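Just the one chain here, the form deposited in one PDB entry, laid out as structure tokens.
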């Protein structure tokens, strides 16, 4: 069951973003990310259950005093959207003096990021668990290019990624989810294809040239996102497999993961 942590053992340092999420040190020294909220019990049991190398580690709860706390591992390099944007074509301009080898991520690194998000989605699909909000803003980066699926639904600095209908991430959603709120492992695989597009554009917002209502019309009409400049044709063919109009015609996350792993392996020594 759910592991409990004594409040005395949690020493807050500062805030990370907004429910408030803080950086802290935990005893039994160790860095951690702590979630404090102003449904908790259901989530605690769920997060104790979801255990995988590519799912952010949950350590337990603090159910003594106010607020109630949720303890997670600290992911140094932050959210995957910010990481992509800061390790993109303009990385040299954006980098601080001390930054190590500033520049855009190469093909091998982009494929290793994509494969780790896919591995996490393979685990969730095997458990018949539907994420509903897969996007780079919901993935986290740790030291050594370790990528894990974080939040399950964001940090408010990404409010522009949601449309009010109850906030929906319409740009990552297939037509059946936009029209009927039909969420399945097949709508998550569509969102995965959009994550691939975000990765290969270094964090651009999908349909950035369009407003929310223009994006809804394009998606429901069957328009597909253009191939990114850094995207090889074989990676775009994977995106297209995720974007089949009929949910049952979409490739399974398992085959997508196997294809990305096969492409990563063939590029390792080059």
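Superpose the two forms; the largest set of C-alphas matching within 1.5 Å is the rigid core. Positions refer to the first chain, counted from 1.
Omitted here: the form deposited in another entry. The next part is about that form.
Chemist: For residue 126, does the CA position differ by 2 Å or more between this form and the one not shown when the superposition is done on the rigid core?
Modeler: Residue 126 C-alpha, core-superposed: shift of less than 2 Å.
Chemist: Does superposing the core leave residue 10 with a CA shift of 2 Å or more between this form and the one not shown?
Modeler: Moves: yes, 2 Å or greater.
Chemist: I want to check residue 233: does it shift between this form and the one not shown by 2 Å or more at the Cα, with the core superposed?
Modeler: Stays below the 2 Å threshold, so no.
Chemist: Having a change of 3 Å or more in the C-alpha distance between residue 100 and residue 135, I'd like to know whether it is closer or farther in that other deposited form than in the form here.
Modeler: Closer: residue 100 and residue 135 approach by 3 Å or more in that other deposited form.
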